[PDB]
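Below sits a lone chain in structure tokens, taken as the form solved without its partner chain.
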């Protein structure tokens, strides 16, 4: 039909945001919203496996990866389902999120409902880095803020 989701991001520092998700039937998922309190530049942005905030962002576990692939950018065939690339903040610390993705979903096997959205300290190298870390996390560094993706009206 039309599915909607929302995620409120919070962490140990000043990073916070609200992210919206809409999927018309089997179409792409449109991701939108704003994140504040970021350092100027690119920040890694992924859906992680577990909607578990019991030990902050660390209990979210790894990138959502039901097809057991290596980390990539959203545009790569080799990617985690959860790989949404980078969001960009300017001098004011504000990122405007605008992403269309056909691998994440708001129902079925690839559903991100009840999973965690995380925004990272550093840029996601999109799996192009020459180490194991790139093939797992895109060398995106620490988890600044996260939240559980919920069903929205």
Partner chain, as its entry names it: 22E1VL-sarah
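Residue numbers count along the first chain shown, from 1.
Legend: mean Cα B-factor per stretch from the PDB entry, 41 to 49 versus 25 to 33; the higher mean is in 25 to 33. The PDB entry assigns residue 71 a C-alpha temperature factor belonging to the lowest third of its chain's modelled residues.
When the CA B factors of the chain's modelled residues are split into thirds, the value for residue 114 lands in the lowest one. Residue 96: CA B factor lies in the lowest third for its chain, per the PDB record. Ranked by Cα temperature factor within the chain, residue 88 sits in the lowest third according to the deposited record.
Among all modelled residues in this chain, the alpha-carbon of residue 11 has a temperature factor (C-alpha) in the highest third.
There is another form of this protein, the form solved in complex with its partner chain, and it is not shown here; the text below is about that form.
No residue of the trio 73, 133 and 139 has any heavy atom within 4.5 Å of its partner chain in the entry with it bound.
Among heavy atoms of residue 39, some come within 4.5 Å of its partner chain in the entry with it bound. Taking the partner from elsewhere, residue 11 is found to have a heavy atom lying within 4.5 Å of its partner chain in the entry with it bound. Looking at residue 28, you'd find every heavy atom of it more than 4.5 angstroms from its partner chain in the entry with it bound.
The closest non-hydrogen atom of residue 33 lies beyond 4.5 Å of its partner chain in the entry with it bound.
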